[PDB]
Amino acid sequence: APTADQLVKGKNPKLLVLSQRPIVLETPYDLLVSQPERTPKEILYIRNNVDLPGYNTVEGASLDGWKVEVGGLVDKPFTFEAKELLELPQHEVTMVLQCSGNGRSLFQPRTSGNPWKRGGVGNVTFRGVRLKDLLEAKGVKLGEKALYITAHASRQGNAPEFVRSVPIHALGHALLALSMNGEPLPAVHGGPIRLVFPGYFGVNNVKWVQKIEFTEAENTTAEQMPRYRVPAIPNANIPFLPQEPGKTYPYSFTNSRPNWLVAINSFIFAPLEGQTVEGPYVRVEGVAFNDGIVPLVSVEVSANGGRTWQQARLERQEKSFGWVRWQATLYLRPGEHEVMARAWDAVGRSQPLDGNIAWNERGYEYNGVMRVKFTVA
């Protein structure tokens, strides 16, 4: 019954309320496509597993008294006040912030969790201090056994824990974010301080970060195992181990992998589903992205069910954690049509033609080839 603006001060009233407690808001697709360069805080999706009491606003939060512990496998563990970061060199990164569960509702049969369509994604700029720059300023060196960064959320207001482990390789780009889109980081988006890992799924970008621990192993909390994992052959070159749709899987550390690197994807922004569009030359537009480790090589479109794929034009060629706009202009005769889009990156990653092959019981990492049916007048 409450609208998004009543749950979170300053949110657009049209955001879809997937959950009140905890707070989960989805961007309507028509609103998402209206901001193809950068998703503003008024429409950016929300997914809390754990609400921090009083942080349910798009307004900034005070850094005053916000202490962060840095420990585990470092030579000299230390605590810093967030305000110290104001004096350190700052960097910004434009990145796709996407929920592990975005696309969940496209799996069949229905999976468990927030029933996202494609509105659990945004493209935003975070600004703050690189974690490696803070360690350098403090004169701290990582231990040889440090294989993970394990980030813990604040538990202020008697909140449950929220603990995520990412690979130590994420230290290269890890960012203590103080700002989003040039403004104070919204409280509801993890203000006053969020640890962001560019090119990693949203779950890993810990809002209200209070502890940063260098660990030899993945943390053993529920939020790390069995949740936020997909079936896999560990350290083998297959994106996931396909399973029978609808079957429960016995998740362990040794037969499943975490939601970490953002799955390669492309979204069609124009035309929209069921739209009538004019003339014979139809300009198909969208966005594409990967985990930012390598550049995209192509985004390709098919209007003949994959018999032929046509290279689209990309807005930029260089790799990015942020999405890249694309367009392909197709000659189409009047009547019903269907266009599909697929991304292809420099290490050969692409999208499955049938996204349901990735069926998993909590419905993570959907990246099936997007199809749009429309009419040419």
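Sequential numbering from 1, following the sequence displayed.
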Comparing 299 to 307 with 101 to 109, where is the mean C-alpha B-factor higher? 299 to 307
For the stretches 244 to 252 and 280 to 288, which has the higher mean C-alpha B-factor as given in the deposited record? 280 to 288
Name the one of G120, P258, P115, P89 with the greatest CA B-factor according to the PDB entry. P89
Out of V262, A159, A174, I268, whose C-alpha atom has the biggest B factor in the entry? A159
Sorting the chain's modelled residues by C-alpha B-factor, tell me whether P28 ends up in the lowest, middle or highest third. middle
Comparing against every modelled residue in the chain, figure out the third that the C-alpha B-factor of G10 lands in (lowest, middle or highest). highest
Which third of the chain holds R130 when residues are ordered by C-alpha B factor: lowest, middle or highest? middle
Which third, lowest, middle or highest, does the C-alpha temperature factor of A328 belong to within its own chain? highest
Split into thirds by Cα B-factor across the chain's modelled residues, where does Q20 land: lowest, middle or highest? highest
